[PDB]
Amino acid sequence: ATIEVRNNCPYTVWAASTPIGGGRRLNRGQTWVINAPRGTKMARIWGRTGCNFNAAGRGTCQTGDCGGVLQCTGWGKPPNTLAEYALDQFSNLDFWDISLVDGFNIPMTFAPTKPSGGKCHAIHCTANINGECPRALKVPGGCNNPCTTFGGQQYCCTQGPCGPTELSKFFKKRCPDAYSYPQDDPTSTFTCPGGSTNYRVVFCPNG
């Protein structure tokens, strides 16, 4: 239920969190701890780079912008590396993952503060994705996922079952534990017994 967001990047990051949390400027080394009640589903945490806000919480960001506002209520504009989770009250299990479906912008580590074996352990995505990003998907500060750039069933899996693509394999290749495309569920979903642990999301785990 407790999620700790830590910015270990050498640059400032504007953490964002829905549906609870909002937004927060995080300078190098700063942490933000938010409480997520049991039953919180379809939640996500991400970081925003190159933002420019004025006293009122209005401005714009280079990546992951959520409507030109500091405290998000909606989703960020890709590309942005995602930390998704659902604290299910029915199975009493925590379902979480790192997703690249909406792109990549900042490397991160998603981990249980109390790993208990099985699929309940830290996962990472620290590859140099922005650096090796295919030219067709590359944007300032990030690397978009083929579904965002090209669209269509092939990449977005909007019409029905889909499979990996050469462009999706570019991400899975570099971050095996993360979602490379919409239906990359089997090797991208992790769980922990609900109530048995807390969570930590850190930007630039390798500094």
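Numbering starts at 1 and follows the sequence shown.
*Asks:* Taking the recorded C-alpha temperature factors, which stretch has the higher mean, 157-165 or 44-52?
*Replies:* According to the entry, 157-165 carries the higher average C-alpha B-factor.
*Asks:* Between 26-34 and 57-65, which has the higher average C-alpha B-factor in the PDB entry?
*Replies:* Looking at the recorded C-alpha B-factors, 57-65 comes out higher on average.
*Asks:* From the list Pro112, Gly117, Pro107, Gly103, select the residue with the highest C-alpha B factor recorded in the entry.
*Replies:* That would be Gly117.
*Asks:* Based on the PDB record, which member of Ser17, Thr187, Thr191, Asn198 exhibits the highest Cα temperature factor?
*Replies:* Max CA B-factor in the entry, restricted to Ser17, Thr187, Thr191, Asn198: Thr187.
*Asks:* In terms of the chain's CA B-factor thirds, is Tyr181 lowest, middle or highest?
*Replies:* Ranked within chain, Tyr181 CA B lands in the middle tercile.
*Asks:* Can you tell me which third, lowest, middle or highest, the CA B-factor of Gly151 falls into for its chain?
*Replies:* Within its chain, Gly151 is a highest-third residue by C-alpha B-factor, going by the deposited values.
*Asks:* Could you place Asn80 in the lowest, middle or highest third of its chain by Cα temperature factor, using the values in the record?
*Replies:* Lowest third of the chain for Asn80's C-alpha B-factor.
*Asks:* Relative to the other modelled residues of the same chain, rank the CA B-factor of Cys125 and answer lowest, middle or highest third.
*Replies:* It falls in the bottom third of the chain.
*Asks:* Considering only modelled residues of the same chain, in which third does the CA B-factor of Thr73 rank: lowest, middle or highest?
*Replies:* Highest third - that is where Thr73 ends up once the chain's C-alpha B-factors are sorted.
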